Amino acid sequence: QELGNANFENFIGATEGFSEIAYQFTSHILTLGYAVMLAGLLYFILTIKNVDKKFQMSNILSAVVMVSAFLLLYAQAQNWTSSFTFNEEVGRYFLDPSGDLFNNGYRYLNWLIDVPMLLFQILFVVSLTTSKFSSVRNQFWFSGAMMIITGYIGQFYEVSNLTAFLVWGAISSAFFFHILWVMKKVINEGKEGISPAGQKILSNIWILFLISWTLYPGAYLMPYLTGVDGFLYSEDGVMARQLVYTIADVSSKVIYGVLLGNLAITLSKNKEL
């Protein structure tokens, strides 16, 4: 059937269909995703007063990230369960286009508003030395937007046009490397003039940032990471992609936010942990 510029989940769903395990696991992991975001929202609000006033905007931005992450990852989960329906004759879940096609775009538009806030919020905890606040912020915001927008365009072609898919992905990757570059500077300058305890947390934040953010391009490419007609161009690749996206989102948003909160505590002139 004609699916056009649709995600590979739909092609698997329309041809092989999904086993009970593939369909249920994807539903469960996407549901856990939005559930963790609302739990995180509660954590960030309830811990605001654990740090000095000057650091509380970081807790607030974490909470702001959680609210939209809950809503968009809730929509993403419903998109999954609505798009694939059980066939009694074969006992597998097949594309049910009456529920609309499945698209990972809900997650991407969450990134569009989260990336700017996540990159911004560290600047409310650490102090820059040589770099200008305005300059770092503007670079984060510009490259952040371009990275997500170019990737959003690319993922529509992940089956229909592999060339467009890889070119847009490559452009996205360029902006990604720029952000890694700027964030590395921010971490280094942030370490200057703070306790060894604070410096250790910033080191952990850099590792978390590096691993969690790198998962995303991996999830982007997932279906083709085992080449043409590979193991991952299957329900196994669908499960893998949705697991990785969910791990990345929890790591880049919630764990990132917790570590920043712990940093703010060590830098706080009143409180301690």
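C-alpha atoms forming the largest set that superposes within 1.5 Å between two forms make up the rigid core. Position 1 is the first residue in the sequence shown; the rest follow in order.
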109-117 versus 181-189: which one's CA atoms end up farther from this form in 6 other deposited structures of this protein after a core fit? 109-117
Averaged over C-alpha atoms, is the B-factor higher for 76-84 or for 188-196 in this PDB entry? 188-196
Decide which of the stretches 127-135 and 109-117 has the higher mean C-alpha B-factor, going by the entry. 127-135
Please rank the C-alpha B-factors of the chain's modelled residues and tell me whether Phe102 sits in the lowest, middle or highest third. lowest
Rank-wise, by C-alpha B-factor, drop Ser68 into the lowest, middle or highest third of its chain. lowest
Chain third (lowest, middle, highest) by recorded CA B-factor, residue given as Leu202: middle
Sorting the chain's modelled residues by C-alpha B-factor, tell me whether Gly237 ends up in the lowest, middle or highest third. middle
Taking the entry's C-alpha B-factors for this chain, is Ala164 in the lowest, middle or highest third? middle
